[PDB]
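Student: This structure is in structure tokens; I'll ask about it shortly.
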Amino acid sequence: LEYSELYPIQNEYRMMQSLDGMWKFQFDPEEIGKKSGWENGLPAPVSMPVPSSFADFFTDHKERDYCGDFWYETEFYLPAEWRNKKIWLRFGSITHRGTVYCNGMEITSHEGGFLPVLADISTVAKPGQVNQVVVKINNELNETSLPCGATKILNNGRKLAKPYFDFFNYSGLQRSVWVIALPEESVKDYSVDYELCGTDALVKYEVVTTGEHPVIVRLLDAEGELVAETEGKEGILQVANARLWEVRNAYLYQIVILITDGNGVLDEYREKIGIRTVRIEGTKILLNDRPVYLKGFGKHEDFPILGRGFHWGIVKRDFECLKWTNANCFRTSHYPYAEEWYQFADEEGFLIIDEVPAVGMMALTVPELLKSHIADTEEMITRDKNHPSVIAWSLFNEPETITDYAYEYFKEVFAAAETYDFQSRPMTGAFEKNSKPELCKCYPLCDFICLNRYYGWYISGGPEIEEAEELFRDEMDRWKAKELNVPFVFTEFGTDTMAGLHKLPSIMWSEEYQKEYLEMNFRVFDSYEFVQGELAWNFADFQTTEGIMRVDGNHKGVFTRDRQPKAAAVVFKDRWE
Amino acid sequence: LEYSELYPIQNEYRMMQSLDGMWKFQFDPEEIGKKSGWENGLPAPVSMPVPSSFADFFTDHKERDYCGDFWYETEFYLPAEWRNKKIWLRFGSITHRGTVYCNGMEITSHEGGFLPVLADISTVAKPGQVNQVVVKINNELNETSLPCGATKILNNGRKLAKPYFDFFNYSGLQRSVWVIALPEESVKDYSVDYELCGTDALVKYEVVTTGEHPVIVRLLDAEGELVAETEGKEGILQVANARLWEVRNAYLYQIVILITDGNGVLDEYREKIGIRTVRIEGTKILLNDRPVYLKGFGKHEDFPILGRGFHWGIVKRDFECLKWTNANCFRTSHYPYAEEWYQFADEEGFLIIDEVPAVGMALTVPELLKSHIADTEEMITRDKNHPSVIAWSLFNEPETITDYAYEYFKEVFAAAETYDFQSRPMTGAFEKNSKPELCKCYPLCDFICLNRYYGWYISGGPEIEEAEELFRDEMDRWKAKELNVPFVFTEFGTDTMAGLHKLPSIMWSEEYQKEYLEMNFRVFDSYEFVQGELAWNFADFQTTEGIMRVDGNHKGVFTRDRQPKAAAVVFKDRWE
Ligand SMILES: O=C(O)[C@H]1NC(=O)[C@H](O)[C@@H](O)[C@@H]1O
Ligand SMILES: O=C(O)[C@H]1NC(=O)[C@H](O)[C@@H](O)[C@@H]1O
């Protein structure tokens, strides 16, 4: 809100320079950096790639598992021509929390490790000179920020992250970093909302600028031809014979937002958008007025060595694999992803359930937690609302939902979410088993219900899989009898599966068991009319905390971590065709 | 060269903007792009990451194995302020060959897929506007360019690459791309050479500019303090109490090259360098006049999904692994790597044998020789000022037993010498069929690099005792020749499947990799003139598929995702 979430672009009015590359880096186990002038430069740094997670480069346990304060630094030359523009550092994210310094000055701090951090360096920037940026980061886990966990202290004074969530505590500067220059009066935010009118469409819009000058809004088609133009910060663009953004058949217009000074332009922002509606009608999910059944995966930002580090190559391979399975959807489990993921989903016509990092929520630390949760929700929706791919918000993964105070908590979150989404698209959360139909008090808040279920894995696995199926149908029969008249989507179901572990008859952990488990789940899904989607857990094997239940991370991937299909991948491909 | 090889920097005089990201991409199997005006924009593109190899993104064989012409496109806004500068597109590489277009206009073409391509767009660039770059690329293999191979045409006309080399034919825009702006009179090239004088050092230099104005050269220490200053395009910097760049103990000065016209500076180029000397004395490799024993690996630019795509993360993990093994050296098998690898070797104090892509080696030889010398010129001009680069490898397993080969390589070594201001050691890696009795080219080398697989390709497994005997036999022959030069083993290894265990060991098991290495070590240590050991390979890497390659080459000491096999600790313990 005191900054723009808009993705940076370069044109006559806006400039950008990438700060990706090798940064300087230093661990701060004694937490003395802020006390020792590290904001003016790290005393004994090593090199660290940005974007990347720092953990998997190192060869020593204490480096990989480092938990606490750690620092990044780089230097960059600022063109003289940027003088007296609004100059910002823009981090794709800072994981989990941190303070940004520039030229020795504290600029801003941010809590929440999966959304952009904007630091206004206009008054400290040195145009036509070398500038320095230093970031103090911390990756501890607690119960007043997302995602939740604890920090354990060894008798040696060493900290260890203790997640309440099933993914590895990757951290650092995991996304691209830019330094940008904006005009003194600029486009700060905008929102689009769509209506279909026969062969035509309406694009309702709102623009927020940092000034009072007039605004012109244009819409260009995919060839850059003008199809609609309008004046004012609020208005409607009429599009004749609109080419709708369709599932797995994208079409993107380009919105152009101009701030004018009479003759002259002060600012221009452009972004691709897609004309499409999403609506829940009874137990049906409708895209452009037609029912869609969601087919796909929960994913992670996870890849060998880079950790959660962003790379377009990972996006490209994953989308080719997704298409090969005939999927149409993924959920950003369990945190908003790099913006680039959504940009590409826009191009490929994929549907996204966008999820805030509200995972691991199973006292008087809740008011603070609620504040962070709402803040992350605000930032996520403000950042992602204009992607045609984003068709739902997931506002939690497996919280406590069965108490009265749980209700009041989530009422606040959903209320907040509703105020920030110009499109009021479907809002949901993923419930775990203990959110029994007879006990859960939060499912009424949801536009559709998401279930994570592991009947046949954590419950009655293996020799008991027939019992698992009965227990599954029993729970679904109870949901059915409630006649809630909402769609149900399975957002998780899967089995840990070691590539190459074959067994006849199948065993838990074998490739064959993954297939049989999936077949059983499908039989159950297909027995209930109100089921409207299936997102398997997980697209690919991914890193978790070490332990006796995780064999080099989580192996419920349908693909291996290096993005190759296990036997079960074909099962999905065949079913989703 | 009609362009600069200098790594791009940003300062008052020089600007750079990264073009990395998602480009547009289209395969051109019918070879219709140029006739269809694709240089003005691709008609039906998909997105392609840059830097990356394109092959491993796709899920269809014909995409992965695509051989022929294919195209890249992107757009970029150029700041108005770049007006009146010399504006260049700079590709880390274009694999294997290509033509660069900008705003619809043909700019330049380049043959050779592992060195920078510079395209001067000064005359077509449009400052203050969106500009367009389109690259037509071809990844076919032939016998007139490096690395050598063939192109097979299937009956339907589909092309398949047929390498004469043991690595996958990755291609595309595999390294970073920039658009840059230089002053109209700029530093185009410079060379440094070092002399040790007691506790002091001399930095001899020459500078090449695109003009006639005076040049000032400064040297700054690692803190940025001035330690030497002089005038002229040729000169000598005197450094009192020089802090030498040492193996695994780097120290980097910063050279600063200024052009001036008396209203002030016109251009400024800065780069880190390390004061060190390298020479061969008898059977010793001398670094700063002290013998050094090379310990390390042949590598590849190779990583899951990205292929040869450059990423600093790969660099960081690989150097952490290298340090953990106690290595001090690697060879850029079998092509120059992205410049960033050398920059990091400079900081980490690693020694590099820099290798031109002369691997996989009639009327076609003169053309091949020209390509080979051109690549050599580009490699040496690009890499000569890295303190890490201590030697040039000018081939990997060519024919060497004929007079024809001798005349050919005489020209290559002569050219390399003329291009290298430092005149540092030159070498090449020899296959076993280059018998001590038959090879005519090893005398061209300052030290001899051998690739040997006694215990793998020769008498492996149950015959390993015979392999050791045969190995000692060959080394005894080399010994009796008393060449008085260092020998470095640049390859030795066994394919090793992670998790394949056997007692007693078998070929392909982790235990056999250990035993093979131990046997090789016993042999190395038996001969005084052996002065280095670079194992094949640092990590498992991709090859053409076939009955001899189980998902690529598994001679890695590390897995492809960079985790140690059992034999990794054998190196760690020995090199400690
Ligand atoms: O056990 C699992 O494999 C998964 N189940 C869950 O319920 C979680 O939501 C996931 O994060 C977790 O990875
Ligand atoms: O057979 C090998 O594994 C290796 N031997 C060689 O002699 C080559 O120089 C390498 O490229 C090749 O990968």
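Heads up: the protein sequence lines correspond to chains B and A, in order. Under the deposited numbering, the residues of the first sequence are numbered 2 to 363, 383 to 597, in order. Under the deposited numbering, the residues of the second sequence are numbered 2 to 362, 383 to 597, in order. Backbone N, C-alpha and C fix where the C-beta goes; we use that ideal spot for every residue, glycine too.
(1) Classify B:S37 as buried or exposed, calling it buried when 16 or more other Cβ atoms lie within 10 Å of its own Cβ.
(2) Reducing DSSP to helix, strand and coil, say where A:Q534 ends up.
(3) Flag this pair as yes or no: are the beta carbons of B:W24 and B:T60 separated by less than 8 Å?
(4) Using the rule of at least 16 other Cβ atoms within 10 Å of the residue's Cβ for burial, across every protein chain shown, is B:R84 buried or exposed?
(5) Along chain A, in chain order, which residues have C-beta atoms closer than 7 Å to that of B:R583?
(6) Does the beta-carbon of B:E196 have 16 or more other beta-carbons within 10 angstroms, so that it is buried, or is it exposed?
(7) List the residues that DSSP assigns as beta-bridge partners of A:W413.
(8) Would you mind reading off the limits of the beta strand (DSSP E) that contains A:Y73?
(9) Chain B partners of A:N12, CB-CB under 7 Å?
(10) From B:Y336 to B:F510, what does the alpha carbon distance come to, in whole angstroms?
(11) Going along chain A in order, which residues have a C-beta closer than 7 Å to the C-beta of B:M23?
(12) Relative to the alpha-carbon of A:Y171, which residue among A:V279, A:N157, A:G310 has its alpha-carbon at the smallest distance?
(13) Measuring straight from C-alpha to C-alpha, what distance separates A:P305 and B:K523?
(14) Once the 5 residues before and after A:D347 are set aside, which same chain residues still bring their CB inside 7 Å of it?
(15) Considering only DSSP beta bridges, list what A:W529 is partnered with.
(16) Where A:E349 and A:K324 are concerned, what is the direct C-alpha to C-alpha distance, given to the nearest angstrom?
(17) Do we get a CB-CB distance below 8 Å when we pair A:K317 with the residues of chain B?
(18) Scan the stretch 107-129 of chain B for residues whose Cβ lies nearer than 8 Å to a Cβ of chain A and list them as they occur along the chain.
(19) With a Cβ-Cβ cutoff of 8 Å, do A:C466 and A:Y427 count as a contact?
(20) Reducing DSSP to helix, strand and coil, say where B:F492 ends up.
(21) Helix, strand or coil for A:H111? Go by DSSP, reduced to three states.
(22) Among A:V544, A:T448, A:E144, A:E356, which residue has its Cα nearest to the Cα of A:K500?
(23) In chain B, which residues lie less than 9 Å from A:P446 when you measure between Cβ atoms?
(24) Which residues of chain A have a Cβ atom closer than 7 Å to the Cβ of B:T60, listed in chain order?
(25) Measure the alpha-carbon distance for A:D319 versus A:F345 and round it to whole angstroms.
(26) In whole angstroms, what separates the C-alpha of B:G297 from that of B:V316?
(27) May I ask you to report which of helix, strand or coil DSSP gives A:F304?
(28) Return yes when the C-beta of B:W557 is under 7 Å from any heavy atom of ligand 1, and no when it is not.
(29) Is B:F430 near ligand 2, with its Cβ less than 7 Å from a heavy atom?
(30) Is it the case that the CB of B:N541 approaches a heavy atom of ligand 1 more closely than 7 Å?
(31) Using a Cβ-based criterion (distance less than 7 Å to any ligand heavy atom), does A:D167 qualify as near ligand 2?
(32) Hey, would you say the C-beta of A:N41 is under 7 Å away from at least one heavy atom of ligand 1?
(33) So for B:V591, helix, strand or coil by DSSP?
(34) Assuming the contact rule is C-beta atoms closer than 8 Å, B:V178 and B:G93 should be a hit. Round their C-beta distance to whole Å, please.
(35) Going by alpha carbons, who is nearest to B:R280 out of B:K160, B:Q552, B:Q534?
(36) Between which two residues does the beta strand (DSSP E) harbouring B:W24 extend?
Tutor: From the atom records:
(1) Counting from one through the first sequence, the residue named residue 37 of chain B turns up at place 36. B:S37 should be labelled exposed.
(2) For the purposes of this step, residue 534 of chain A is taken as the residue at position 513 of the second sequence. Correct three-state label for A:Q534: helix.
(3) Here residue 24 of chain B is taken as the residue at index 23 of the first sequence, counted from 1. Here residue 60 of chain B is taken as the residue at index 59 of the first sequence, counted from 1. Their beta carbons are not under 8 Å apart, which means B:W24 does not touch B:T60 by this criterion.
(4) As a first step, residue 84 of chain B is located in the first sequence; it is residue number 83 there, counting from the start. With fewer than 16 other Cβ atoms within 10 Å, it is exposed.
(5) By one-based count along the first sequence, residue 583 of chain B stands at place 563. By Cβ distance, chain A contributes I306.
(6) The sequence position of residue 196 of chain B within the first sequence is 195, counting from 1. Per the 10 Å Cβ criterion, exposed.
(7) On the second sequence, residue 413 of chain A is found 392 positions in, with the first residue counted as 1. Partner(s): A:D355, A:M447.
(8) Counting from one through the second sequence, the residue named residue 73 of chain A turns up at place 72. First-last of the beta strand (DSSP E) with A:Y73: 70-78.
(9) What you label residue 12 of chain A is simply residue 11 of the second sequence in a count that begins at 1. What A:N12 touches in chain B: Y78.
(10) Walking along the first sequence from the start, residue 336 of chain B turns up at place 335. Walking along the first sequence from the start, residue 510 of chain B turns up at place 490. So the alpha carbons of these two residues sit roughly 18 Å apart.
(11) Stepping through the first sequence from its first residue, residue 23 of chain B is reached at position 22. Per Cβ cutoff of 7 Å: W313.
(12) Here residue 171 of chain A refers to the residue found at position 170 of the second sequence. Relative to the Cα of A:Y171, the nearest Cα in the group A:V279, A:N157, A:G310 belongs to A:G310.
(13) The residue labelled residue 305 of chain A in the question sits at position 304 within the second sequence. The residue labelled residue 523 of chain B in the question sits at position 503 within the first sequence. If you take the alpha carbons of A:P305 and B:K523, they lie about 28 Å apart.
(14) Taking the first residue of the second sequence as position 1, residue 347 of chain A is located at position 346. Only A251, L253, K273, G275, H407, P408, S409 meet the Cβ criterion.
(15) For the purposes of this step, residue 529 of chain A is identified with residue 508 of the second sequence, where counting begins at 1. Answer is A:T517.
(16) As a working note, residue 349 of chain A is residue 348 in the second sequence. As a working note, residue 324 of chain A is residue 323 in the second sequence. Looking at the backbone, the Cα of A:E349 and that of A:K324 are separated by about 9 Å.
(17) Taking the second sequence and counting its residues from 1, the one referred to as residue 317 of chain A is at position 316. For A:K317, the answer is yes, since a Cβ of chain B falls inside 8 Å of its Cβ.
(18) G129
(19) Position 445 of the second sequence holds residue 466 of chain A. Position 406 of the second sequence holds residue 427 of chain A. The answer is no: Cβ separation not under 8 Å.
(20) Looking up residue 492 of chain B in the first sequence gives position 472. The answer is helix: DSSP assigns B:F492 an H, G or I state.
(21) As a working note, residue 111 of chain A is residue 110 in the second sequence. Reduced to three states, the DSSP call for A:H111 is strand.
(22) Position 479 of the second sequence, counting from 1, holds the residue named residue 500 of chain A. Per the Cα distances, A:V544.
(23) Looking up residue 446 of chain A in the second sequence gives position 425. Here the premise fails: no neighbours, minimum Cβ distance about 28 Å.
(24) To locate residue 60 of chain B, count along the first sequence from 1; it is residue 59. What B:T60 touches in chain A: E321, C322, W325.
(25) Reading the second sequence from its first residue, position 318 is the one you call residue 319 of chain A. Reading the second sequence from its first residue, position 344 is the one you call residue 345 of chain A. Rounded to the nearest angstrom, the two C-alpha atoms are 11 Å apart.
(26) Mapped onto the first sequence, residue 297 of chain B falls at position 296. Mapped onto the first sequence, residue 316 of chain B falls at position 315. Looking at the two C-alpha atoms, the distance is approximately 15 Å.
(27) Here residue 304 of chain A refers to the residue found at position 303 of the second sequence. The DSSP-derived three-state label of A:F304 is strand.
(28) The residue labelled residue 557 of chain B in the question sits at position 537 within the first sequence. Yes - ligand 1 has a heavy atom lying nearer than 7 Å to the Cβ of B:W557.
(29) Stepping through the first sequence from its first residue, residue 430 of chain B is reached at position 410. Checking the Cβ of B:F430 against ligand 2 gives no.
(30) Start at 1 with the first residue of the first sequence, and residue 541 of chain B comes out as number 521. B:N541 Cβ: outside cutoff for every heavy atom of ligand 1.
(31) Sequence index remark: in the second sequence, residue 167 of chain A carries index 166 (1-based). Result yes, Cβ under 7 Å from ligand 2.
(32) As a working note, residue 41 of chain A is residue 40 in the second sequence. For ligand 1, not one heavy atom lies less than 7 Å from the Cβ of A:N41.
(33) Reading the first sequence from its first residue, position 571 is the one you call residue 591 of chain B. Helix, per DSSP.
(34) Counting from one through the first sequence, the residue named residue 178 of chain B turns up at place 177. Counting from one through the first sequence, the residue named residue 93 of chain B turns up at place 92. That pair is a contact at about 7 Å.
(35) As a working note, residue 280 of chain B is residue 279 in the first sequence. Nearest C-alpha to B:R280: B:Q552.
(36) Stepping through the first sequence from its first residue, residue 24 of chain B is reached at position 23. Taken as a continuous stretch (DSSP letters only), the beta strand (DSSP E) holding B:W24 covers 22-29.
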